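K.L.:
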């Protein structure tokens, strides 16, 4: 519930420093880049300034060397001191949390009108207790394709092979199968480039020979890279 | 009740296209050859209401035509719009209206009771066409709301076969009523030594041979004899010495099932196309479409976009291929490097702003227009990545404002000489060339996963049929066979041999959680040995050792064959049957199974 406040406005004389105040909603909404955009009546708004989270600011080359903004106190300080005021820039002003996600993730202000190398090794222990959680890991040496999709397929001898996990490389939404709905989940840690399968209470039918196979979401319907294999004897 | 032969009688034109010397093998409604059809002998009321399964092939050999009209209707109870043909003396009228036909099919307007809310009527003036008894034949059917009637009234010979004439015929399209009412029953109207020759146009696969003049020379039914089955496998009409296989021609598909989609409510696909100012160049949004139904028809006529350059997949037929997840991006770049959006391209925005993988089965879209934006004030709202010391990975966000360094020494965050910020603003003026126009490009990424389909095409959904040889196209995998409701849980995902030469065995229902086992209707490697139609018209079959008992036969280590006899003698190998054994054609004149002269 972002409820940032904006203050500062009213009658002003051409020539001076307009002191605004864009305060956050006492939260951590300053982790990304905020923006200050000016909107004139009867026309689309015009961007003015952009404050990046890494202690940086950027103004438009048109209105250059006439406006400054800085925090310098690790608090909600977005004064945006506009130097050399006039009557042409008199319009509507409102700060936005991020002017880079139009109509998708942006939150406008209220409004203040102014006047004037393919080794996919695996892990795992041995037998598993008849009912109980577990955890398996899969490492990827010399692998940087962060857009491929992952899966934990079970190819134990006897019956056929199945599909359980699905990690969208372009996305990240967890897609499970029908028999593993309330079962182990997956997580793609992009820091160390590994795969984590946090198991849960398994039954006698969960005994399999799960692998760690990755493939490309665009192209064919088969896999591209294999692993070494792990055994989970639930008995 | 009686049966008779209907050889080479019932072949018509499937469509109205006037081709020239083509090969037509469309599976439409036809009457198979040598079919036991009914022959009604009239001198009285002997012919009852005939069942209209899929069409009626009527015929009569007589002079001074007294059987001219035909009674159509669904139930003949004044419920649906029936059909009547009144051609008593000179006024031929085809009326599509509800007529209550009594028990007197003969004439003279006492056949019907009264009139009702009628419909369109054909005013065709051409008449429906002591020497001999001429032959008149007609074909009646109704498909796709078109009541097509075919006729090939031609002078017949003077009672040569006395049952049905020889030679091939092809009934030219007589008329085509645009009414779409359904007909289930069939009868006739007596206009008072004739004969009623009717049949059932059961669905099968037929092959025809057209000519440059318009007439059809040859036609094969592909369902009569193994030689007829083999003739429709080489796309020809003459055969010679050899042995050839078939593919599911002895059993023909009955219906067609698709069941592609399962959702009726559309998704907000237009929110990314028509909205306020989109994202910048250094940052790009990504909306993940979910369980929905895709309707690309509204994106074609409404809001005319630019060229639909689709890479990886076909640019058309996008209303049938269904995927699992479909991601929608957002972007706006200058109109001088948009060509770099294609996969495998390089440049400025394709190297440090947004990269594309080598395999991208999506499609780009653009609606460049400087009317919604680019006011005359000085445009510096959009920014783009200036430079990067490293290479960009495809499909990777670049939200970072680190001080870019390009000099011999690190700047340590001072923004000075050779320490420019990696984000530079853009300039989009409404008065400029084509190379400075804001292209609001969007790369719709279509990928396929192992998850159930969530958003398919806008087609309809048919009903599931159990224990029947039909065709099914669930998720692009077209298959002809029989679906069985089995208990083979844990759906197979066979990909060990990379599916080089292998077919599927079972599928999952895309509508509800179900398993459908796919079984071939009739197979087993049925190879027919044809010595050639020039010598005779007798062939034999052979199976590649499947069962030797299909649910004059000799037992060898190659299967079982029917239509020959084993000879203990040995001769020269002429036609290799299998496992070294060969056959020939010697005197009665037939084929034998002599031992190979080893």
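Protein chains in written order, with PDB author numbering: chain B, 1 to 116, 139 to 257; chain A, 26 to 68, 78 to 141, 156 to 177, 182 to 244, 262 to 620, 641 to 676, 689 to 699. Ideal Cβ placement from N, Cα and C applies to all residues, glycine included.
1. Once DSSP output is grouped into helix, strand and coil, what is the label at residue 81 of chain B?
2. Whose Cβ in chain D lies nearer than 8 angstroms to the Cβ of residue 605 of chain A?
3. What do you reckon, are the CB atoms on residue 232 of chain B and residue 202 of chain B nearer than 8 angstroms?
4. With a threshold of 7 angstroms, establish whether the CB of residue 12 of chain B neighbours any heavy atom of the ligand SAH.
5. Chain B partners of residue 465 of chain A, CB-CB under 7 angstroms?
6. Between which two residues does the beta strand (DSSP E) carrying residue 184 of chain B extend?
7. Which chain A residues are close to residue 14 of chain B, counting only those with a beta carbon under 9 angstroms from its beta carbon?
8. By Cβ distance below 7 angstroms, which residues in the same chain neighbour residue 374 of chain A in space, the five residues on each side in sequence not counted?
9. Determine whether the Cβ of residue 47 of chain B lies closer than 8 angstroms to any Cβ atom of chain A.
10. Tell me which residue opens and which closes the alpha helix (DSSP H) that residue 300 of chain A is part of.
11. For residue 243 of chain B and residue 517 of chain A, I'd like the C-alpha separation in whole angstroms.
12. Look at residue 195 of chain B and residue 357 of chain A and say whether their C-beta atoms are less than 8 angstroms apart.
13. Cβ atoms of residue 545 of chain A and residue 296 of chain A: under 8 angstroms apart, would you say?
14. Taking only three categories from DSSP, how would you classify residue 347 of chain A?
15. Please report how far the alpha carbon of residue 235 of chain A lies from the alpha carbon of residue 228 of chain A, in whole angstroms.
16. Looking at the strands, I want to know which residues DSSP matches up with residue 309 of chain A.
17. Tell me, please, whether the CB atom of residue 449 of chain A is closer than 8 angstroms to any CB atom in chain B?
18. Can you pull out the residues from the stretch 368-381 of chain A whose beta carbon lies closer than 8 angstroms to at least one beta carbon of chain B?
19. Less than 8 angstroms between CB atoms is the rule here; does residue 181 of chain B satisfy it with respect to chain A?
20. Go to residue 217 of chain B, then tell me how far its beta strand (DSSP E) extends in each direction, as first and last residue.
21. Any beta carbon of chain B sitting closer than 8 angstroms to that of residue 321 of chain A?
22. Rounded C-beta distance between residue 221 of chain B and residue 155 of chain B? I'm assuming under 8 angstroms.
23. Residues of chain B with CB under 8 angstroms from residue 514 of chain A, in chain order?
24. Just how far apart, CA to CA, sit residue 370 of chain A and residue 511 of chain A?
25. Which partner residues does residue 47 of chain B have in the DSSP bridge list?
26. Could you pull the start and end residues of the beta strand (DSSP E) that residue 151 of chain B belongs to?
27. Name the one or two DSSP bridge partners that residue 94 of chain B has.
28. Tell me the rounded alpha-carbon separation between residue 489 of chain A and residue 453 of chain A.
29. Among residues of its own chain, excluding the 5 on either side of residue 236 of chain B, which ones have a beta-carbon nearer than 6 angstroms to its beta-carbon?
30. Closer than 8 angstroms, CB to CB, is residue 408 of chain A near chain B or not?
31. For a contact defined as C-beta to C-beta under 7 angstroms, what are the partners of residue 52 of chain B on chain A?
32. Taking residue 432 of chain A as part of the beta strand (DSSP E), name the residues at either end of that continuous run.
33. What is the rounded straight-line gap between the Cα of residue 170 of chain A and the Cα of residue 133 of chain A?
34. My understanding is that residue 418 of chain A touches residue 341 of chain A, with C-beta atoms under 8 angstroms, so please give their C-beta distance in whole angstroms.
35. Going by C-alpha to C-alpha distance, which of A:112, A:458 and A:401 sits closest to residue 441 of chain A?
36. Quick one, which of A:329, A:213, A:115 and A:216 has its alpha-carbon nearest residue 525 of chain A's?
P.N.:
Walking through what the data contain:
1. strand
2. Looking at the structure shown, chain D is missing, and the protein chains on hand are B and A.
3. no
4. Of ligands this structure carries none, so the ligand SAH is not represented either.
5. 168
6. Premise fails: residue 184 of chain B is in no beta strand (DSSP E) and is neither H nor E.
7. Under the 9 angstroms cutoff, chain A gives no residues; its nearest Cβ is about 19 angstroms from residue 14 of chain B.
8. 434, 435 and 436
9. yes
10. 295-300
11. 7 angstroms
12. yes
13. no
14. coil
15. 15 angstroms
16. According to DSSP, residue 309 of chain A bridges with nothing at all.
17. yes
18. 381
19. yes
20. 216-220
21. no
22. 5 angstroms
23. 192 and 240
24. 18 angstroms
25. B:37
26. Per DSSP, residue 151 of chain B belongs to no beta strand (DSSP E) and is neither H nor E.
27. B:37
28. 13 angstroms
29. 170, 172 and 247
30. no
31. 470
32. 432-435
33. 16 angstroms
34. That pair is no contact at about 19 angstroms.
35. A:401
36. A:329
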